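Content type compact mmCIF, C-alpha atoms, from the file input_28.txt:
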```
# COMPACT_ATOMS: atom_id res chain seq x y z
CA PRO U 55 -13.46 -5.40 7.02
CA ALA U 56 -10.19 -7.34 6.95
CA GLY U 57 -11.96 -10.09 8.88
CA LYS U 58 -9.37 -12.65 7.73
CA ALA U 59 -6.14 -12.47 5.70
CA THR U 60 -5.24 -16.14 5.27
CA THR U 61 -7.47 -18.81 3.71
CA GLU U 62 -8.21 -22.46 4.49
CA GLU U 63 -5.89 -23.57 1.69
CA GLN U 64 -3.04 -21.24 2.59
CA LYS U 65 -3.71 -21.80 6.27
CA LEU U 66 -4.18 -25.59 5.99
CA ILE U 67 -1.21 -26.20 3.67
CA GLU U 68 0.88 -25.66 6.82
CA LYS U 69 -1.06 -28.31 8.73
CA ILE U 70 -0.99 -31.04 6.06
CA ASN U 71 2.77 -31.16 6.40
CA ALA U 72 2.43 -32.82 9.80
CA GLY U 73 0.12 -35.45 8.31
CA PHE U 74 2.59 -36.03 5.46
CA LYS U 75 5.60 -36.08 7.75
CA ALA U 76 4.00 -38.85 9.80
CA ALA U 77 3.89 -40.92 6.61
CA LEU U 78 7.10 -39.71 4.96
CA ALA U 79 9.02 -39.81 8.25
CA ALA U 80 7.78 -43.34 8.90
CA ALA U 81 9.15 -44.34 5.50
CA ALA U 82 12.68 -44.45 6.93
CA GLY U 83 13.82 -46.39 10.01
CA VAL U 84 11.54 -49.33 9.19
CA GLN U 85 12.45 -52.70 7.69
CA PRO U 86 13.13 -52.85 3.87
CA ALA U 87 9.53 -54.04 3.61
CA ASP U 88 6.30 -52.37 4.78
CA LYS U 89 8.03 -49.18 3.66
CA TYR U 90 6.16 -49.24 0.35
CA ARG U 91 2.70 -50.09 1.68
CA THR U 92 2.75 -47.21 4.17
CA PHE U 93 4.05 -44.68 1.67
CA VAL U 94 1.09 -45.41 -0.63
CA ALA U 95 -1.46 -46.54 2.00
CA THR U 96 -0.64 -43.95 4.68
CA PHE U 97 -0.80 -41.15 2.13
CA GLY U 98 -4.43 -42.05 1.51
CA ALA U 99 -5.27 -41.33 5.15
CA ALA U 100 -2.99 -38.27 5.33
CA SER U 101 -4.51 -36.59 2.30
CA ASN U 102 -8.01 -37.50 3.46
CA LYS U 103 -7.37 -35.81 6.80
CA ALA U 104 -6.38 -32.48 5.24
CA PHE U 105 -9.27 -32.68 2.80
CA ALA U 106 -11.49 -33.64 5.72
CA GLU U 107 -10.15 -30.56 7.55
CA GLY U 108 -10.28 -28.22 4.53
CA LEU U 109 -14.07 -28.44 4.50
CA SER U 110 -15.19 -25.05 3.17
CA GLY U 111 -17.87 -23.62 0.86
CA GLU U 112 -17.74 -19.84 0.48
CA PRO U 113 -21.01 -19.32 -1.51
CA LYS U 114 -19.86 -15.74 -2.03
CA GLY U 115 -17.59 -16.83 -4.87
CA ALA U 116 -18.89 -18.68 -7.92
CA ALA U 117 -16.09 -21.21 -7.53
CA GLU U 118 -16.96 -24.18 -5.30
CA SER U 119 -14.54 -26.97 -6.25
CA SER U 120 -12.26 -25.10 -8.65
CA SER U 121 -10.61 -23.30 -5.73
CA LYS U 122 -9.85 -26.63 -4.06
CA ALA U 123 -9.33 -28.32 -7.42
CA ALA U 124 -6.04 -26.46 -7.84
CA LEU U 125 -4.78 -27.76 -4.51
CA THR U 126 -5.83 -31.36 -5.11
CA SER U 127 -5.18 -31.50 -8.84
CA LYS U 128 -1.63 -30.27 -8.41
CA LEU U 129 -1.13 -32.16 -5.16
CA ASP U 130 -2.29 -35.50 -6.58
CA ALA U 131 -0.73 -34.80 -9.96
CA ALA U 132 2.73 -34.29 -8.49
CA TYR U 133 2.28 -37.24 -6.15
CA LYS U 134 1.14 -39.62 -8.89
CA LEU U 135 3.44 -38.03 -11.46
CA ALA U 136 6.37 -38.16 -9.09
CA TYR U 137 5.66 -41.81 -8.24
CA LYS U 138 4.93 -42.70 -11.87
CA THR U 139 8.36 -41.38 -12.84
CA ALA U 140 9.90 -43.78 -10.31
CA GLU U 141 8.75 -46.73 -12.41
CA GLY U 142 10.73 -45.39 -15.40
CA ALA U 143 13.43 -43.73 -13.30
CA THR U 144 16.85 -45.37 -13.12
CA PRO U 145 16.95 -47.87 -10.12
CA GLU U 146 20.16 -46.03 -9.20
CA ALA U 147 18.03 -43.70 -7.08
CA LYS U 148 14.39 -43.92 -8.19
CA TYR U 149 13.12 -43.98 -4.59
CA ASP U 150 15.20 -41.08 -3.21
CA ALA U 151 14.51 -39.01 -6.32
CA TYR U 152 10.84 -39.93 -6.09
CA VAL U 153 10.47 -38.68 -2.54
CA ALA U 154 12.54 -35.57 -3.25
CA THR U 155 10.40 -34.83 -6.30
CA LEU U 156 7.24 -34.33 -4.22
CA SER U 157 8.95 -32.09 -1.66
CA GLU U 158 9.83 -29.61 -4.43
CA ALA U 159 6.38 -29.97 -6.00
CA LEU U 160 4.89 -29.67 -2.54
CA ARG U 161 7.06 -26.66 -1.62
CA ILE U 162 6.33 -24.64 -4.78
CA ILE U 163 2.59 -24.82 -4.11
CA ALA U 164 3.24 -22.60 -1.10
CA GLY U 165 4.82 -20.13 -3.53
CA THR U 166 2.04 -20.34 -6.13
CA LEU U 167 -0.74 -19.82 -3.58
CA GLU U 168 0.75 -16.49 -2.52
CA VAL U 169 -1.69 -13.62 -3.08
CA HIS U 170 0.87 -11.88 -5.29
CA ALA U 171 -0.72 -8.43 -5.19
CA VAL U 172 2.27 -6.18 -5.84
CA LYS U 173 0.68 -2.84 -6.77
CA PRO U 174 3.41 -0.15 -7.15
CA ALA U 175 2.15 3.38 -6.52
CA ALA U 176 -1.10 2.41 -4.80
CA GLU U 177 -1.76 6.14 -4.41
CA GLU U 178 -1.17 7.06 -0.75
CA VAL U 179 -1.37 10.41 1.03
CA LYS U 180 2.11 11.89 1.41
CA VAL U 181 0.91 14.27 4.14
CA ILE U 182 -2.29 14.93 6.08
CA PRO U 183 -4.17 18.01 4.65
CA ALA U 184 -5.48 18.90 8.11
CA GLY U 185 -1.99 19.88 9.22
CA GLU U 186 0.23 22.55 7.65
CA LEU U 187 -2.76 24.85 8.12
CA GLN U 188 -1.55 26.06 11.49
CA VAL U 189 1.46 27.72 9.88
CA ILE U 190 -1.20 30.23 8.81
CA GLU U 191 -0.67 31.76 12.21
CA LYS U 192 2.77 33.08 11.23
CA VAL U 193 1.59 34.01 7.74
CA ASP U 194 -1.14 36.20 9.19
CA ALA U 195 1.33 37.80 11.59
CA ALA U 196 4.24 38.20 9.17
CA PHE U 197 1.70 39.90 6.91
CA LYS U 198 1.71 42.95 9.21
CA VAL U 199 5.40 43.76 8.68
CA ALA U 200 4.59 43.61 4.98
CA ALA U 201 1.66 46.03 5.33
CA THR U 202 3.40 48.76 7.36
CA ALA U 203 6.90 48.55 5.93
CA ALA U 204 5.16 48.71 2.54
CA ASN U 205 2.87 51.58 3.49
CA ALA U 206 6.00 53.59 4.27
CA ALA U 207 6.65 53.38 0.53
CA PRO U 208 6.33 56.79 -1.29
CA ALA U 209 3.81 55.23 -3.70
CA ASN U 210 6.59 53.24 -5.37
CA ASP U 211 8.18 49.84 -4.74
CA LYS U 212 5.19 49.23 -2.48
CA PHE U 213 4.53 45.90 -4.22
CA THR U 214 8.21 45.04 -4.38
CA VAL U 215 8.34 45.18 -0.59
CA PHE U 216 5.49 42.69 -0.39
CA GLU U 217 7.05 40.47 -3.05
CA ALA U 218 10.23 40.81 -1.02
CA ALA U 219 9.02 39.93 2.49
CA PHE U 220 6.08 37.83 1.31
CA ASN U 221 8.31 35.49 -0.72
CA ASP U 222 11.30 35.96 1.61
CA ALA U 223 9.76 36.12 5.08
CA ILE U 224 7.94 32.86 4.38
CA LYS U 225 11.07 31.15 3.03
CA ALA U 226 13.67 32.94 5.18
CA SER U 227 12.21 31.73 8.47
CA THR U 228 11.59 28.33 6.91
CA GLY U 229 14.37 28.09 4.32
CA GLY U 230 14.69 24.34 4.82
CA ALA U 231 10.98 23.52 4.38
CA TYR U 232 8.22 24.56 1.93
CA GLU U 233 10.77 26.64 0.02
CA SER U 234 8.09 28.41 -2.11
CA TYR U 235 4.45 29.46 -1.74
CA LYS U 236 3.07 25.90 -1.90
CA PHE U 237 2.55 24.89 1.73
CA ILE U 238 -1.08 25.89 1.08
CA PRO U 239 -2.41 25.48 -2.53
CA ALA U 240 -4.81 28.05 -4.04
CA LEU U 241 -2.42 30.91 -3.34
CA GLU U 242 -0.41 30.09 -6.47
CA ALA U 243 -3.53 30.74 -8.58
CA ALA U 244 -5.44 33.12 -6.32
CA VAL U 245 -2.34 35.30 -5.86
CA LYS U 246 -2.00 35.50 -9.64
CA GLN U 247 -5.20 37.57 -9.69
CA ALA U 248 -3.39 40.20 -7.66
CA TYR U 249 -1.39 41.09 -10.77
CA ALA U 250 -4.56 40.68 -12.85
CA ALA U 251 -6.47 43.05 -10.56
CA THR U 252 -3.93 45.68 -9.45
CA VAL U 253 -3.61 46.79 -13.08
CA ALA U 254 -7.10 47.75 -14.24
CA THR U 255 -9.15 48.58 -11.14
CA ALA U 256 -11.16 51.56 -9.89
CA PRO U 257 -8.71 54.31 -8.67
CA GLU U 258 -9.69 54.34 -4.98
CA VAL U 259 -9.32 50.84 -3.50
CA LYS U 260 -6.36 49.79 -5.63
CA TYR U 261 -4.32 48.86 -2.54
CA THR U 262 -7.28 48.18 -0.26
CA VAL U 263 -8.24 45.36 -2.61
CA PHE U 264 -4.78 43.85 -2.19
CA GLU U 265 -4.97 44.25 1.58
CA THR U 266 -8.54 43.08 1.87
CA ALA U 267 -8.53 40.12 -0.55
CA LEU U 268 -5.27 38.69 0.81
CA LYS U 269 -6.36 38.98 4.43
CA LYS U 270 -9.86 37.88 3.49
CA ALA U 271 -8.68 34.89 1.43
CA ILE U 272 -6.26 33.83 4.13
CA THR U 273 -9.03 34.15 6.74
CA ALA U 274 -11.37 31.85 4.84
CA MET U 275 -8.51 29.38 4.85
CA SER U 276 -8.42 29.96 8.62
CA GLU U 277 -11.79 28.25 9.07
CA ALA U 278 -10.11 25.21 7.56
CA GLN U 279 -8.49 24.53 10.93
CA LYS U 280 -11.91 24.22 12.56
CA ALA U 281 -12.93 21.56 10.09
CA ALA U 282 -11.37 20.26 6.89
CA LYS U 283 -14.84 19.12 5.84
CA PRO U 284 -13.76 15.44 5.60
CA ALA U 285 -15.86 12.89 3.72
```
What's the structure tokens form of this structure?
Amino acid sequence: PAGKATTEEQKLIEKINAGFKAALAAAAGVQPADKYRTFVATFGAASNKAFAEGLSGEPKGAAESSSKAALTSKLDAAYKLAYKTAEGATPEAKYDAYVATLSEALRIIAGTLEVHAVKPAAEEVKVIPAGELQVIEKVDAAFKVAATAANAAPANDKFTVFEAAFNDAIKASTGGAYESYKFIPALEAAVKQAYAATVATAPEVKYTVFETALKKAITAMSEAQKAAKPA
């Protein structure tokens, strides 16, 4: 699990620079001669060292050489292509241009070997479901003032009071937060039954159903705090 992020190529590409610098750096400061032999002959050793240090297999992937082929094919291609151009390049600056050419070719490889994942909207959890359940404490309490102050109704407006405090009390205390019965899903649908039930129901528990189901439903949701039954 996330054992390693970088790879031998990506990781090594930073080390080969030192080998190359030893050769490229040695190119200048020396006599007009011997500057050519080292640039071509020292590169052989420098590239061999990285390759000799990039020894990897990774049987997990089907690729065995293709992964390293990209590094060497492009690396040698630019090197040989960059040098080859020097032969045709204008003697006005064929050597400086030649050396500069690799650096760019060599630098871009670091940009082409980048994972390049970029996955907008990877689907992340905005909020933990375990929380926001505690607020049920107030909901259960605030429910009382809805039950009594409603009961005082003369058999009229009784619901209105609930719809008043239920929608208000929840929002009024927390106006700037969860403005609407959403803090805990299921209510939006489950509540809807209330109007589907308190219309055609036996004439005896018409209110009791409303009192019992709401309290009962909210209680079940109470057990959620104990355990959210996580995978």
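Excluding residue U:187 and any residue on its chain fewer than 4 positions from it, the residues at most 12 Å away by all atoms listed in the file are residues 181, 182, 183, 191, 192, 193, 194, 236, 237, 238, 239, 272, 273, 274, 275, 276, 277, 278, 279, 280, 281 and 282 of chain U.
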Find the spatial neighbours of stretch 139-152 of chain U, counting all atoms listed in the file, within a cut-off of 12 Å - ignore same-chain residues fewer than 4 positions away - and output them as number ranges by chain.
U: 78, 81-82, 89-90, 93, 131-135, 156-159
Pick from U:137, U:56, U:252, U:69, whichever lies nearest to residue U:94 using only C-alpha atoms:
U:137
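Here atom CA of residue U:167 is placed at a distance of 28.0 Å from atom CA of residue U:80.
Computed from the coordinates, the atom CA of residue U:60 to atom CA of residue U:109 distance equals 15.2 Å.
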For atom CA of residue U:223 and atom CA of residue U:260, the interatomic separation in Å (one decimal):
23.7 Å
Find, counting only C-alpha atoms, the residue in U:122, U:269, U:173, U:75 that gets nearest to residue U:200.
U:269
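Residue nearest residue U:190, chosen from U:253, U:224, U:136, U:87 and counting only C-alpha atoms: U:224.
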Determine, counting all atoms listed in the file, every residue of protein, DNA or RNA that lies within 12 Å of (2.9, 50.2, 3.1) in the file coordinates, then give the result as a PyMOL selection string.
chain U and resi 197-216+219+261-262+264-265
Mind dumping the selected residues with C-alpha atoms as a PDB file, in the coordinates of the input?
```pdb
ATOM      1  CA  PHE U 197       1.700  39.900   6.910  1.00  0.00           C
ATOM      2  CA  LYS U 198       1.710  42.950   9.210  1.00  0.00           C
ATOM      3  CA  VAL U 199       5.400  43.760   8.680  1.00  0.00           C
ATOM      4  CA  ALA U 200       4.590  43.610   4.980  1.00  0.00           C
ATOM      5  CA  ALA U 201       1.660  46.030   5.330  1.00  0.00           C
ATOM      6  CA  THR U 202       3.400  48.760   7.360  1.00  0.00           C
ATOM      7  CA  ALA U 203       6.900  48.550   5.930  1.00  0.00           C
ATOM      8  CA  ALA U 204       5.160  48.710   2.540  1.00  0.00           C
ATOM      9  CA  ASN U 205       2.870  51.580   3.490  1.00  0.00           C
ATOM     10  CA  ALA U 206       6.000  53.590   4.270  1.00  0.00           C
ATOM     11  CA  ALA U 207       6.650  53.380   0.530  1.00  0.00           C
ATOM     12  CA  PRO U 208       6.330  56.790  -1.290  1.00  0.00           C
ATOM     13  CA  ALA U 209       3.810  55.230  -3.700  1.00  0.00           C
ATOM     14  CA  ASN U 210       6.590  53.240  -5.370  1.00  0.00           C
ATOM     15  CA  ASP U 211       8.180  49.840  -4.740  1.00  0.00           C
ATOM     16  CA  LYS U 212       5.190  49.230  -2.480  1.00  0.00           C
ATOM     17  CA  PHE U 213       4.530  45.900  -4.220  1.00  0.00           C
ATOM     18  CA  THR U 214       8.210  45.040  -4.380  1.00  0.00           C
ATOM     19  CA  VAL U 215       8.340  45.180  -0.590  1.00  0.00           C
ATOM     20  CA  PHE U 216       5.490  42.690  -0.390  1.00  0.00           C
ATOM     21  CA  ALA U 219       9.020  39.930   2.490  1.00  0.00           C
ATOM     22  CA  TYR U 261      -4.320  48.860  -2.540  1.00  0.00           C
ATOM     23  CA  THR U 262      -7.280  48.180  -0.260  1.00  0.00           C
ATOM     24  CA  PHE U 264      -4.780  43.850  -2.190  1.00  0.00           C
ATOM     25  CA  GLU U 265      -4.970  44.250   1.580  1.00  0.00           C
TER      26      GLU U 265
END
```
Hey, which of U:162, U:125, U:79, U:172 ends up closest to residue U:63? Count only C-alpha atoms.
U:125
Mind giving me the axis-aligned box for stretch 215-218 of chain U with 3 Å on every side, centre plus edges in Å to one decimal, as JSON?
```
{"center_x": 7.9, "center_y": 42.8, "center_z": -1.7, "size_x": 10.7, "size_y": 10.7, "size_z": 8.7}
```
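With distances taken over all atoms listed in the file, U:248 is the one residue among U:248, U:129, U:76, U:70 lying closest to residue U:217.
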Output stretch 227-248 of chain U with N, CA, C and O atoms present, as a PDB file, in the frame of the given file.
```
ATOM      1  N   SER U 227      12.367  32.378   7.180  1.00  0.00           N
ATOM      2  CA  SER U 227      12.210  31.730   8.470  1.00  0.00           C
ATOM      3  C   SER U 227      12.300  30.228   8.276  1.00  0.00           C
ATOM      4  O   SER U 227      12.968  29.523   9.029  1.00  0.00           O
ATOM      5  N   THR U 228      11.610  29.751   7.240  1.00  0.00           N
ATOM      6  CA  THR U 228      11.590  28.330   6.910  1.00  0.00           C
ATOM      7  C   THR U 228      12.294  28.087   5.575  1.00  0.00           C
ATOM      8  O   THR U 228      11.665  27.679   4.598  1.00  0.00           O
ATOM      9  N   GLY U 229      13.607  28.320   5.541  1.00  0.00           N
ATOM     10  CA  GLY U 229      14.370  28.090   4.320  1.00  0.00           C
ATOM     11  C   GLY U 229      14.404  26.610   3.972  1.00  0.00           C
ATOM     12  O   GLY U 229      14.219  26.220   2.820  1.00  0.00           O
ATOM     13  N   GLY U 230      14.636  25.784   4.993  1.00  0.00           N
ATOM     14  CA  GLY U 230      14.690  24.340   4.820  1.00  0.00           C
ATOM     15  C   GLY U 230      13.316  23.720   5.079  1.00  0.00           C
ATOM     16  O   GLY U 230      13.153  22.955   6.027  1.00  0.00           O
ATOM     17  N   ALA U 231      12.338  24.051   4.230  1.00  0.00           N
ATOM     18  CA  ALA U 231      10.980  23.520   4.380  1.00  0.00           C
ATOM     19  C   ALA U 231       9.983  24.394   3.602  1.00  0.00           C
ATOM     20  O   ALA U 231       9.910  25.600   3.837  1.00  0.00           O
ATOM     21  N   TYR U 232       9.202  23.797   2.691  1.00  0.00           N
ATOM     22  CA  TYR U 232       8.220  24.560   1.930  1.00  0.00           C
ATOM     23  C   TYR U 232       8.856  25.739   1.200  1.00  0.00           C
ATOM     24  O   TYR U 232       8.234  26.789   1.050  1.00  0.00           O
ATOM     25  N   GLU U 233      10.089  25.565   0.742  1.00  0.00           N
ATOM     26  CA  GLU U 233      10.770  26.640   0.020  1.00  0.00           C
ATOM     27  C   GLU U 233       9.970  27.019  -1.222  1.00  0.00           C
ATOM     28  O   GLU U 233      10.262  26.532  -2.311  1.00  0.00           O
ATOM     29  N   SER U 234       8.973  27.906  -1.027  1.00  0.00           N
ATOM     30  CA  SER U 234       8.090  28.410  -2.110  1.00  0.00           C
ATOM     31  C   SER U 234       6.638  28.412  -1.631  1.00  0.00           C
ATOM     32  O   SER U 234       6.228  27.550  -0.854  1.00  0.00           O
ATOM     33  N   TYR U 235       5.859  29.378  -2.114  1.00  0.00           N
ATOM     34  CA  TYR U 235       4.450  29.460  -1.740  1.00  0.00           C
ATOM     35  C   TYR U 235       3.689  28.248  -2.266  1.00  0.00           C
ATOM     36  O   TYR U 235       3.056  28.304  -3.318  1.00  0.00           O
ATOM     37  N   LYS U 236       3.756  27.145  -1.518  1.00  0.00           N
ATOM     38  CA  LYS U 236       3.070  25.900  -1.900  1.00  0.00           C
ATOM     39  C   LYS U 236       2.422  25.253  -0.681  1.00  0.00           C
ATOM     40  O   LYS U 236       1.403  24.573  -0.795  1.00  0.00           O
ATOM     41  N   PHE U 237       3.040  25.460   0.477  1.00  0.00           N
ATOM     42  CA  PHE U 237       2.550  24.890   1.730  1.00  0.00           C
ATOM     43  C   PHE U 237       1.021  24.855   1.776  1.00  0.00           C
ATOM     44  O   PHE U 237       0.433  23.953   2.373  1.00  0.00           O
ATOM     45  N   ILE U 238       0.380  25.827   1.130  1.00  0.00           N
ATOM     46  CA  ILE U 238      -1.080  25.890   1.080  1.00  0.00           C
ATOM     47  C   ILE U 238      -1.564  26.229  -0.337  1.00  0.00           C
ATOM     48  O   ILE U 238      -1.602  27.401  -0.713  1.00  0.00           O
ATOM     49  N   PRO U 239      -1.930  25.245  -1.131  1.00  0.00           N
ATOM     50  CA  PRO U 239      -2.410  25.480  -2.530  1.00  0.00           C
ATOM     51  C   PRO U 239      -3.524  26.533  -2.580  1.00  0.00           C
ATOM     52  O   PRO U 239      -4.085  26.899  -1.547  1.00  0.00           O
ATOM     53  N   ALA U 240      -3.798  27.021  -3.795  1.00  0.00           N
ATOM     54  CA  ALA U 240      -4.810  28.050  -4.040  1.00  0.00           C
ATOM     55  C   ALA U 240      -4.140  29.416  -4.156  1.00  0.00           C
ATOM     56  O   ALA U 240      -4.505  30.232  -5.002  1.00  0.00           O
ATOM     57  N   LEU U 241      -3.144  29.647  -3.307  1.00  0.00           N
ATOM     58  CA  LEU U 241      -2.420  30.910  -3.340  1.00  0.00           C
ATOM     59  C   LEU U 241      -1.764  31.075  -4.715  1.00  0.00           C
ATOM     60  O   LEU U 241      -1.848  32.134  -5.327  1.00  0.00           O
ATOM     61  N   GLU U 242      -1.094  30.028  -5.183  1.00  0.00           N
ATOM     62  CA  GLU U 242      -0.410  30.090  -6.470  1.00  0.00           C
ATOM     63  C   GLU U 242      -1.321  30.664  -7.558  1.00  0.00           C
ATOM     64  O   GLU U 242      -0.889  31.493  -8.359  1.00  0.00           O
ATOM     65  N   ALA U 243      -2.582  30.237  -7.581  1.00  0.00           N
ATOM     66  CA  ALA U 243      -3.530  30.740  -8.580  1.00  0.00           C
ATOM     67  C   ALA U 243      -4.173  32.039  -8.087  1.00  0.00           C
ATOM     68  O   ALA U 243      -4.193  33.045  -8.795  1.00  0.00           O
ATOM     69  N   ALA U 244      -4.743  31.978  -6.889  1.00  0.00           N
ATOM     70  CA  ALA U 244      -5.440  33.120  -6.320  1.00  0.00           C
ATOM     71  C   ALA U 244      -4.543  34.355  -6.250  1.00  0.00           C
ATOM     72  O   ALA U 244      -4.998  35.468  -6.513  1.00  0.00           O
ATOM     73  N   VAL U 245      -3.269  34.170  -5.921  1.00  0.00           N
ATOM     74  CA  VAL U 245      -2.340  35.300  -5.860  1.00  0.00           C
ATOM     75  C   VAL U 245      -2.200  35.915  -7.248  1.00  0.00           C
ATOM     76  O   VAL U 245      -2.109  37.132  -7.395  1.00  0.00           O
ATOM     77  N   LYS U 246      -2.157  35.053  -8.259  1.00  0.00           N
ATOM     78  CA  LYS U 246      -2.000  35.500  -9.640  1.00  0.00           C
ATOM     79  C   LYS U 246      -3.016  36.569 -10.027  1.00  0.00           C
ATOM     80  O   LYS U 246      -2.736  37.408 -10.884  1.00  0.00           O
ATOM     81  N   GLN U 247      -4.184  36.566  -9.390  1.00  0.00           N
ATOM     82  CA  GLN U 247      -5.200  37.570  -9.690  1.00  0.00           C
ATOM     83  C   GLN U 247      -4.672  38.949  -9.298  1.00  0.00           C
ATOM     84  O   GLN U 247      -4.937  39.954  -9.959  1.00  0.00           O
ATOM     85  N   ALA U 248      -3.947  38.961  -8.191  1.00  0.00           N
ATOM     86  CA  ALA U 248      -3.390  40.200  -7.660  1.00  0.00           C
ATOM     87  C   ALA U 248      -2.773  41.030  -8.776  1.00  0.00           C
ATOM     88  O   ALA U 248      -2.983  42.241  -8.844  1.00  0.00           O
TER      89      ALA U 248
END
```
